[PDB]
């Protein structure tokens, strides 16, 4: 009977996931490798680990005490609510006995917290009361199982690069450059041969151009070796797989995924909408997705340009001391004359607008919207699927199953990475590295604590990137909000941050956005005819695309020799959101790719388990990011 | 280890669902009860079963041949792709031998199909070629299992009413009235004491008012017994549970769910949006949901008022003969002067606009949007959940898990009902009953084929509802599109239909919308603090609500003694979409309630299975539609 | 072999209990429904939940902070000793930050605690030192399993009434009346036709009589609907089952259990003893149970009449603030002249004496004593049992097995309800509701916090019950112990309490006494010939009973048309103890009945599991409280 078959199919699906090979998780061992001097001993400095939220020394900016970090890990490893509650959080005083846990300055008894914060912004954040202290997010999310999809520890993602490696130097340099090119028009990030390029309507003091940035990444090197230039023999099988080619105007800041290089940087699905329901009142260039009978506006809230945060020591320290600064950024006010709340809201013109998109990005928003656009267009499903082709011939006739599935996959994604972030890699944030660079150039830290970073900064200084960043930060510090801060005239080398709180309160390696992106897009490519050429139009023989205006009032069309595919744009939107974090300065490149590669494994795993529920015995062809496609 | 624990938790969750009591599915036995005369015998007429798509006699309008229906069922029961492909579809010729299967008129060889259709619309539907033949949707969807949630046959929904019963007469009469009140302003559907009521800007010839409609439902009776008036003793335990009170201006067409009666008819979540991100450029009354950084417009496509379909025999017959007429309805063109594509798109003003909303309603659209509004407002989660309250105190801090869960539930919903629709109840559509009424009054059918309907029509004629419907249809037939049809001057009693194809190609009992509604809302009430009073505002002491303008340009505020709750509006939006179908004339009331009651059981079942994955050992309190709340 | 059979019978008994249907636990959802206003938000007030022990605001008397209650639940749900230890207890100060946990005033460092208490009694309780702080009892008792009997979560008891419901209003009104009739003679609680009625020897100022009280319960109504008057149709299947008839002189305060109405209120087993062992020196009217060779005195400690506690705000607040006041009540001193320590100890004359009986009632005391009386009388066992009838004929010949079984059942009882009290219903105590009434009439609470209670108090005021309670309390406050309290001249509406600490430190719904009562009596009815007519005697044709004297020196006989049965008195003693709490004002009526109905299910379950151990293959016939008897 079905009662038996139901219990079995569910039991069989559990055994499938159990029979799948379980890998062993490896890290760069940096955690306990790099050390600093204590009284009659050397201790692990944890400069190359995530330390945001823990007590940071208010003068130095380094991890205040190691015993805090050692307790912090034990709470993750033991998975105990009690152990994690003993870990000190925020500004702290050092213990009188050596090796004991730091004393937390802030508690529940503090209604006014202005005194503890060193930055003017944080001091007057909570309407004058003083900024609140935020804790670590989803610490015990990696220790939760699921009824469908592979387990969190049943899949791993290969180890992250090191400070001494040439690979990282290119990654941090790439992130720095993106911060200086955050106000650039998206039309610049592509080969000028495709169409006429434009400059952002708002004239912003730029310390770096594209042409310069391309030279930096090809020139930057450690021990006379560039990441892009290094031949296969020198690199490991891991590094070989995630190695990129020489940086080009087309492929700069673009993900290594089929169809990313083809067309403009910005995926169509983040711009275009569906044709107006029934009698077409507007075209696809309008930017209204066919959300059934209602619509979805593709315009995003415009963050007031040339406004970066965490540019000086005081601002940076306070954030790394867990100062809650969410929603302190300002946005452009609307124009009464113009319709559709412009400029207050506008089409994604510059990387800033993408950073804002991903700042409050709903988990699957980017990929749900993509599914709606394709459904409204009338895109065919991968022929292998049942109830396709004519209604008359076969007497049978789904969208419902795919729509739920893109959301299903995201959940499984977060739990897989939340283990990798915390339990395995425990990697520092790019902004947290941005600090280390400045600290070395100010000659802070005890003995040879920051000696590991010495090799990194020289390459960044030798390519002349640091010189620009210091000059760029100087102009940002003339702002009244952080001008009062003592370090304003201190030539701060800190990587500029898009959000006042910068990165979230969870480690860098494994990206929440990228893991969800890889899983959600994989599901969409599985169901849809991945190859299907988007019939957006044709103009003067060559096939038509879209990209934003200089003011972002409408979509400027771009004309391509070959048409854009569903796969190419699905891979491109996956890259956009994942790299969208890299633009804000919260993830490295390698965070994008390895999370994405893990993302599809979680997704694939679900489809293989859900395959037993269907008695049709069909096949689904899923195109992979690493070349060929897998039959399910 | 986890590898073992992972396999077990999944195996344990399967046993939980298997240990749950499995009910036995019962129907009204109407299927093979009502009979008609053949040569030297009586055969099952199947007048009280879903027959849409099968061959209907082109002169009579009845089921052409029973052998077609008997084959149709066998394909569902056997669950064989081959058997279901032999069932004849669309216009057909009768066999020369008696008891053999009908010969299908249309095939793949027909490029032009204009000749087979009797209605002018269908004849010139496919740009002059002639309307296409659509098949049955999701026939084998009820025969699919899932990794999470209870099985399709592990849960049932009690049997549907009969033609002879007084309960149905009120339900069909309620649906008829809604068709005549489809152009009514939503401000009318509430007690006038709450605020000033308005009339729809567009002046439509109305054959029925609210005041009249309220009398009809209280007056209408079978064997001198009204559905609302009948005492508990007379009714069964099933009928007792789904019994309603005497119809009131407040509770007319409103679902029996806590908070449905309270406030206006239209739920806030189908009107209001979230406050503009960052610096508030607009208010909640704007109707922009906080879809992360972008937004969702709450305005829906306006279907040109006073336009109904399937009003005459020719139009009705062709649809019941599986004529594909999707997207033949016309919509109002935009005004160049006004912003935000008005009136082309507008706020949901009249039931028509709700019918359009649910015509292309994305599965979870109504309930996802509701989740976003609550999340953007900053609504608290049911306190029982982990990582709540202060960040500092507990050192821990989800929306991601609930956002996926509302989508997860919908999928499981469709497979549960798709069994009930096809495998169990196989109930006719309200539009298909609308035909039966007309046929009896035209004196069609062989012998006492429609004798069962005789008792129904008399009550509808005795309350004077039919008289209005005939008068209402007359005006609709003066339209040029169906004026040429012979039955235009024939006093057609057919229930007017909102969509040209009317109902979908799957039986009435068990509602796709309502089953998904019940499941999706149940999930939202579980996570959110169900009681939480919405702080939409306060005006002159009394708490403030919203409802549309007469032209639907903005939101007119309504002032209530007590504030609106999250539960009340979540129950109300659940009712709106489910009843939204009843307005279009595709579902009865009982379809709304029993699907919804089944919906929460599917939802509850998932949460109980997913409970094993968490080692926190918390509790979730879920408020039920039938009074008290269940602890998970 | 037996070694195998022993392991199997035990394994088989475990599977039996596992195969029994497991219900799903539902509550009135009141917990998170009723809300109060905080700064820019609404929070769950928890006015309708058990909050005794938690911090209560010392001016208002309401729950001081919700975050305390939310922590309190999490400790129960998580079942963690650590989490429950963080919950604040007793008088507390509010936190400076909002949403954080309240600071406990008292700790281990306080030797003198007089300062924290607001009531004179509590201040000078611990011999001048100041009352101690008591904690919650048997919080983790509901999370313990057993080797015999069904599991705690394998059985549930249907949900409790609400403040808005008419059912509760009658229940609270019934409890209030009992407090005013607590000094009444037990001869009054019966139809005067049975025999001559007497008044309590001690003349007590009574604000309410029986005749008045009977009118109150029939008159009291919510929305013009009385609990006893309401027809079946209006009520739910749960309410239908626990619905009572119009209150009568016979059935007033008497449980709905076969034989409760028959005879006097007070069960014989709480008065009579066994005939003196060997040569009868005294009769059964003496009140000496045949405890083997020794005896048990049926006389109870006399609490000095007209002495009630928690009559003013200060006394009430301190108790609800967990002030330990156990054993502060005074008892009547003995008379040197009279034998058998009278009046210090006496026969149960007034409900006060029953409240004292159940104040220190040993778990099974009432039901063990009942078993001894029946055994000493020579009552026959239910014929189905082995080794019955003649010794000569059958060559075989138990009391030992039943004597242990009544004690066995009690243990299983407490663990079943302790889940319902804490984990499920979490219902407030009647005394805690008694406060809410007063608070509303003093116009305390923030905004519409107590609006829910508004409907309740009006009915109590409209029947004129409150007027008496205020007048009754005034006289009690003239006592020197609570006269100094500021609220003495404040017209206090608080329900008078029998014990200085009133109710115990565990929620109201599910009664420890009633659950044990239902289980213990069920076991006794199973073994004994339930029907057996007690041969207490015969006087002037009609059969003889007993009830106390006005001074309580002996037993006054009552003469009945039909004789009393074992079942009737076993059901009556079960009711007496359960309602004995209702007299003290610690349980509602519904607490008595639903606990009792759950009690027999726990008991029945044990007998079914223990059935496998016997190879005789006999049957036991158990008479149920809901009509017919079940064969085991």
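Residue numbers (PDB author numbering), protein chains in the order written: chain A, 3 to 399, 405 to 639; chain A', 3 to 399, 405 to 639; chain A'', 3 to 399, 405 to 639. A prime marks a further copy of an entry chain.
Beta carbons: idealized from backbone N, C-alpha and C, even for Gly.
*Tell me where the alpha helix (DSSP H) around residue 403 (chain A'') begins and ends.*
It's not possible to place residue 403 (chain A'') here, given that chain A'' moves directly from 399 to 405.
*asked:* Quick check on residue 280 (chain A) - is its C-beta less than 8 Å from some C-beta in chain A'?
replied: At a cut-off of 8 Å, the C-beta of residue 280 (chain A) has a neighbouring C-beta in chain A'.
_Proximity test, Cβ basis, 8 Å: residue 386 (chain A') and chain A''_ = Yes, residue 386 (chain A') counts as interfacial toward chain A''.
*asked:* Can you check which of these residues, A'':453, A'':624, A'':596, A'':578, is closest to residue 634 (chain A'') by C-alpha distance?
replied: Selected option, being the one with the closest Cα: A'':578.
*Verify whether the separation of the beta carbon atoms of residue 484 (chain A) and residue 314 (chain A) is less than 8 Å.*
The Cβ atoms of residue 484 (chain A) and residue 314 (chain A) sit closer than 8 Å to each other.
*asked:* Three Cβ pairs or more, each shorter than 8 Å: is that satisfied between the stretch 373-389 of chain A'' and the stretch 323-342 of chain A''?
replied: Contact between the stretch 373-389 of chain A'' and the stretch 323-342 of chain A'' is absent: fewer than 3 CB-CB pairs across the two stretches fall below 8 Å.
*Since residue 84 (chain A'') meets chain A, which of its residues come closer than 9 Å, beta carbon to beta carbon?*
Within chain A, the residues near residue 84 (chain A'') are 83, 84.
*State the Cα-Cα distance for the pair residue 611 (chain A'') and residue 638 (chain A''), rounded to the nearest angstrom.*
Using only the alpha carbons, I get a separation of about 10 Å.
*Would you call the stretch 61-77 of chain A and the stretch 184-198 of chain A in contact, with 3 or more CB pairs under 8 Å?*
Two segments are said to touch when three or more pairs of C-beta atoms, one from each, lie closer than 8 Å; by this definition the stretch 61-77 of chain A does not touch the stretch 184-198 of chain A.
*Applying a beta-carbon distance threshold of less than 8 Å, which residues of chain A'' neighbour residue 112 (chain A)?*
98, 99, listed in chain order.
*asked:* Let me see if you follow: with CB-CB separation under 8 Å, is residue 401 (chain A') close to chain A'' or not?
replied: Between 399 and 405, chain A' has no modelled residues, which means residue 401 (chain A') does not appear in the coordinates.
*asked:* One question on the structure: do residue 179 (chain A'') and residue 202 (chain A'') come within less than 8 Å of each other, judged by their Cβ atoms?
replied: No.
*Option nearest residue 398 (chain A) by Cα separation, candidates A':509, A':423, A':88*: For residue 398 (chain A), the closest C-alpha among the options A':509, A':423, A':88 is that of A':88.
*Please go through the same chain and pick out, in chain order, the residues whose beta-carbon is closer than 7 Å to the beta-carbon of residue 119 (chain A'), but skip the five residues on each side of it.*
Once the five neighbours on either side are set aside, the close Cβ partners of residue 119 (chain A') are 125, 132, 133, 320, 325.
*asked:* I need the straight-line Cα distance from residue 456 (chain A) to residue 208 (chain A), nearest angstrom please.
replied: Using only the alpha carbons, I get a separation of about 34 Å.
*Among A':551, A':297, A':395, A':569, which has the Cα closest to the Cα of residue 371 (chain A')?*
Answer by Cα proximity: A':297.
*Given a cut-off of 8 Å, decide if residue 103 (chain A'') and residue 110 (chain A) are closer than it, judged by their beta-carbon atoms.*
Yes, these two residues count as a Cβ contact at 8 Å.
*For residue 98 (chain A'), does the count of other Cβ atoms within 10 angstroms reach 16, so buried, or fall short, so exposed?*
Per the 10 Å Cβ criterion, exposed.
*Give the DSSP-derived three-state secondary structure of residue 390 (chain A) in the structure shown.*
Coil at residue 390 (chain A), not helix or strand.
*Integer Cβ distance of residue 491 (chain A') from residue 122 (chain A'), believed to fall under 8 Å*: For residue 491 (chain A') against residue 122 (chain A'), the beta-carbon gap comes to about 5 Å, under 8 Å, which counts as contact.
*In chain order, what residues of the stretch 48-71 of chain A'' put their CB closer than 7 Å to some CB of chain A'?*
Residues of the stretch 48-71 of chain A'' that bring their beta carbon within less than 7 Å of a beta carbon in chain A' comprise 69, in sequence order.
*Count the other C-beta atoms from every protein chain shown that fall within 10 angstroms of the C-beta of residue 545 (chain A''), then say buried if there are 16 or more, exposed otherwise.*
Per the 10 Å Cβ criterion, exposed.
*If you run the structure through DSSP and keep just helix, strand and coil, what is residue 431 (chain A')?*
Note: residue 431 (chain A') maps to helix in three-state DSSP.
*Do residue 595 (chain A') and residue 515 (chain A') come within 8 Å of each other at the CB atom, strictly closer than that value?*
Their beta carbons are under 8 Å apart, which means residue 515 (chain A') touches residue 595 (chain A') by this criterion.
*For the stretch 456-509 of chain A, which segments carrying the alpha helix (DSSP H) assignment without a break, of at least 4 residues, lie completely within its bounds, in sequence order?*
Listed in chain order, the alpha helix (DSSP H) elements of length 4 or more contained wholly in the stretch 456-509 of chain A are 458-469, 472-484, 487-490.
*Could you pull out every residue in the same chain whose Cβ sits closer than 6 Å to the Cβ of residue 419 (chain A''), ignoring the five residues on either side in sequence?*
Take residue 419 (chain A''), set aside five residues on each side of it, and the residues of its chain with a beta-carbon closer than 6 Å to its own are 148, 151, 609, in chain order.
*Can you tell which of A:587, A:295, A:267 has its C-alpha closest to the C-alpha of residue 280 (chain A)?*
Relative to residue 280 (chain A), the option among A:587, A:295, A:267 whose CA is nearest is A:295.
_Simplified DSSP assignment, three categories, for residue 58 (chain A')_ = Of the three classes helix, strand and coil, the one that applies to residue 58 (chain A') here is strand, per DSSP.
*Do residue 266 (chain A') and residue 552 (chain A') come within 8 Å of each other at the CB atom, strictly closer than that value?*
In contact: residue 552 (chain A') and residue 266 (chain A') (Cβ atoms closer than 8 Å).
*asked:* Shorter than 7 Å, the distance from the beta carbon of residue 312 (chain A') to the closest heavy atom of the ligand COA, or not?
replied: Questions concerning the ligand COA fall outside what the structure shown contains, since it holds no ligand whatsoever.
_For residue 373 (chain A''), the nearest candidate out of A'':230, A'':34, A'':530 (CA to CA)_ = If we check each option's Cα against that of residue 373 (chain A''), A'':530 comes out closest.
*Out of A':527, A':310, A':461, which has the shortest C-alpha to C-alpha gap to residue 206 (chain A')?*
Nearest C-alpha to residue 206 (chain A'): A':310.
*Would a check of beta-carbon distances place residue 102 (chain A'') closer than 8 Å to chain A?*
Chain A, which has a Cβ nearer than 8 Å to the Cβ of residue 102 (chain A''), makes this yes.
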